[PDB]
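A.B. asks:
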Amino acid sequence: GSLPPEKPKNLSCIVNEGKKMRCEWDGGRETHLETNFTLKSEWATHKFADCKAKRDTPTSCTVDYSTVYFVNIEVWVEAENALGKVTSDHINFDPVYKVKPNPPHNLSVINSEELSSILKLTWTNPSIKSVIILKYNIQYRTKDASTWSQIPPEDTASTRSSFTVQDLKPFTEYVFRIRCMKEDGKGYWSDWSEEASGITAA
Amino acid sequence: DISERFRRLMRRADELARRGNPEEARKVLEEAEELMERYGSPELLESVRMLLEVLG
Ligand SMILES: *[C@@H]1O[C@H](CO)[C@@H](O)[C@H](O)[C@H]1NC(C)=O
Ligand SMILES: *[C@@H]1O[C@H](CO)[C@@H](O)[C@H](O)[C@H]1NC(C)=O
């Protein structure tokens, strides 16, 4: 049958570093009717520009206004077809807690073949470091390893440009990769960085 | 404490706009904007300028 739209559920929003804020939802049951989705937004009483979801992506909208940090905005989805108009439950959040940074670049092993047990790493943090304080997740393994070893996430817990990996076997080649996110844990993890290599000397 | 001071300003401007004092909220945001222009990031300068546009 032909039915009015179901109340949108599971409304989440993500700010990918470099892109504008994007929000996703679950449209619900099939209405068998042309349904329009609109993402309403506002801060304090003042309203943001409305976002009308494209027909190719009917459960996603990327706002037209620049990302705003350190204030509390109110977002909700409004679904409508020929048979009715329903609004989702409103969500209130600070977009600073919904950031997905870019993975750190320039990952390199500085002192290859210098010390027997340690290898120092260096990278370049993403530009979003000006807003949030990053926490990292460094992984490493040998060339022939099937699984990755983990650097204790409690040490890589503040914004930093380098890290000194200790307790490595002599003259063995290692590979590393790092990801980052807001130190709160309130946000999204970045993807893995480009892998960096190095040898430990004898 | 440039970052520490800017976060304090955003806190007052968010408090003022929700209380119903937009004129003072614009006053705070204008102070925060001058700070970002002098010693700030583009991302935070565009955030302040955006908030001011919504205020109207
Ligand atoms: C949905 O959006 C389209 C845009 O092309 C419009 O023509 C149509 O009237 C809208 N329908 C409803 C129910 O809002
Ligand atoms: C670091 O990365 C940038 C961008 O990918 C690249 O231009 C540069 O050559 C790399 N190396 C250094 C040392 O900056």
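Those protein sequences? They're chains A and B, same order as listed.
The numbering used here numbers the first residue of the first sequence as 7 and each following residue consecutively.
The numbering used here numbers the first residue of the second sequence as -14 and each following residue consecutively.
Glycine residues also receive a C-beta, built at the ideal position from the N, C-alpha and C atoms.
Between the Cα of A/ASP173 and the Cα atoms of A/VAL102, A/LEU125 and A/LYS60, which residue gives the shortest distance?
C.D. replies: Nearest of A/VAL102, A/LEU125 and A/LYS60 to A/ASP173, Cα basis: A/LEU125.
A.B. asks: Please report the residue range of the alpha helix (DSSP H) in which B/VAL39 lies.
C.D. replies: 27 to 40 is the extent of the alpha helix (DSSP H) around B/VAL39.
A.B. asks: Is the Cβ of B/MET35 closer than 7 angstroms to any Cβ of chain A?
C.D. replies: B/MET35 counts as touching chain A.
A.B. asks: Could you check what DSSP says for B/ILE(-13) in three-state terms: helix, strand or coil?
C.D. replies: Of the three classes helix, strand and coil, the one that applies to B/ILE(-13) here is helix, per DSSP.
A.B. asks: Using 8 angstroms for Cβ pairs, my map puts A/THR44 next to A/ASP56. What's the rounded Cβ distance?
C.D. replies: About 6 angstroms separates the two Cβ atoms, so the contact holds.
A.B. asks: The beta strand (DSSP E) that contains A/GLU84, what's its start and end?
C.D. replies: Segment 79 to 87, the beta strand (DSSP E) holding A/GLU84.
A.B. asks: By how many angstroms is the C-alpha of A/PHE177 removed from the C-alpha of A/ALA208?
C.D. replies: So the alpha carbons of these two residues sit roughly 5 angstroms apart.
A.B. asks: Which stretch, first to last residue, makes up the beta strand (DSSP E) that contains A/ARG166?
C.D. replies: Taken as a continuous stretch (DSSP letters only), A/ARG166 belongs to no beta strand (DSSP E), as it is neither H nor E.
A.B. asks: Given residue 5 of chain A, which residues of its chain have a CB within under 6 angstroms of its CB, disregarding the five upstream and five downstream residues?
C.D. replies: With chain A running from 7 to 208 in the structure shown, residue 5 of chain A is simply not present.
A.B. asks: Would you report the Cα separation of A/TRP82 and A/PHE54, rounded to the nearest angstrom?
C.D. replies: Cα-Cα distance, rounded: 12 angstroms.
A.B. asks: Check distances from the C-beta atoms of the stretch 67 to 83 of chain A to those of chain B and list, in chain order, the residues that come in under 9 angstroms.
C.D. replies: Residues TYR71, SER72, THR73, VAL74, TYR75, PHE76, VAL77 and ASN78.
A.B. asks: Quick one: measure Cβ to Cβ for A/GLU189 and A/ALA151, integer angstroms, because I've assumed they're closer than 8 angstroms.
C.D. replies: The pair is not a contact, with the Cβ atoms about 29 angstroms apart (cut-off 8 angstroms).
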